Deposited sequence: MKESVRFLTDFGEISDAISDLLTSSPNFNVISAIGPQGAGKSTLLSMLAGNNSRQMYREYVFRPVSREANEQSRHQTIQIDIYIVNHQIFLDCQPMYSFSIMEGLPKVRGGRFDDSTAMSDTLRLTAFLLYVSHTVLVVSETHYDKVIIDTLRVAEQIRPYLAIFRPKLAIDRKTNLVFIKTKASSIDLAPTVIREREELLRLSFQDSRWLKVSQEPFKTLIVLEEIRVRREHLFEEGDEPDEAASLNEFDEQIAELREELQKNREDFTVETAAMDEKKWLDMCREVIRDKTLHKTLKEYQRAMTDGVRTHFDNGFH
């Protein structure tokens, strides 16, 4: 692909144009990115896709220019999902939650990009969205049930004090406490690898891109049972699952 293309069509259905974009290989890695509007999430995810710092703005793969939307892009067998920013009242929160829950289920790791880490509102969204779950029992190959999605928090456009090692560990602790009891979300327990701070530099994204492939857990019970092309059929069965739909209705009901 030359650039990013829309992963969804109207009403949150998956576009039929991306299915021919996938391969019959089980050696794929899916990495999503979520966060508020002005965090630069699309510009940052573009350089784990392969963009250089000197490239022009028109050459960025994720150029952010229909209520919900997700942008898909694939280099090699690396699948990058760029979600629309988080931000009305019930529907603004219900939509954000609907896209976050979907991306925690179909991603190996999700990048949480913000300028507010540690931000309790972000953790609140992440911890309730994880309870929005489908029941894909009849899916074959059978899928992993105890599998945890990795989360990497990234603090963009941060000052020099946000780069203080004492400040990173202080907030990293709060992030490991925020998911110590999580069942399907995980966060690393290595210092300086759960909250990454950037002052807004290519030798960090190259190291981070090498690191996003280690703590990925397979979606299936058996190794290499799902190719990327069948990974999308899991996505289609997630948005249609009725157990997930009922849970989202009871979220919106509790918010009103």
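In this chain the deposited sequence has gaps in the coordinates at 66-75, 98-113, 227-249, 306-317, listed in sequence order.
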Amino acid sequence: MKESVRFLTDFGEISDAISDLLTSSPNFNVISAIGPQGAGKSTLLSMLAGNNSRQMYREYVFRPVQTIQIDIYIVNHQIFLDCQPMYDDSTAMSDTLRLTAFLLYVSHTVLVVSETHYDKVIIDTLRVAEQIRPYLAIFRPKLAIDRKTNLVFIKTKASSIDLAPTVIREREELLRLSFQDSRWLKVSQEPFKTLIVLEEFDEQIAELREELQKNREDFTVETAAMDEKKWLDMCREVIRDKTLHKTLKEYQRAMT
From here on, numbers count along this sequence of modelled residues.
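Relative to one another, 68-76 and 108-116 have unequal mean CA B-factors, and 68-76 is the one with the higher figure. Per the deposited coordinates, the residue with the largest Cα temperature factor out of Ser178, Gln131, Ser94, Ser159 is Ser159.
When the modelled residues of the chain are ordered by C-alpha B-factor, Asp16 sits in the middle third. Annotation for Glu172: C-alpha temperature factor in the middle third relative to the rest of the modelled chain, per the entry.
Among all modelled residues in this chain, the alpha-carbon of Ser90 has a temperature factor (C-alpha) in the highest third. Annotation for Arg127: C-alpha temperature factor in the lowest third relative to the rest of the modelled chain, per the entry. In the deposited entry, the Cα temperature factor of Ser32 sits in the bottom third of values across the chain's modelled residues.
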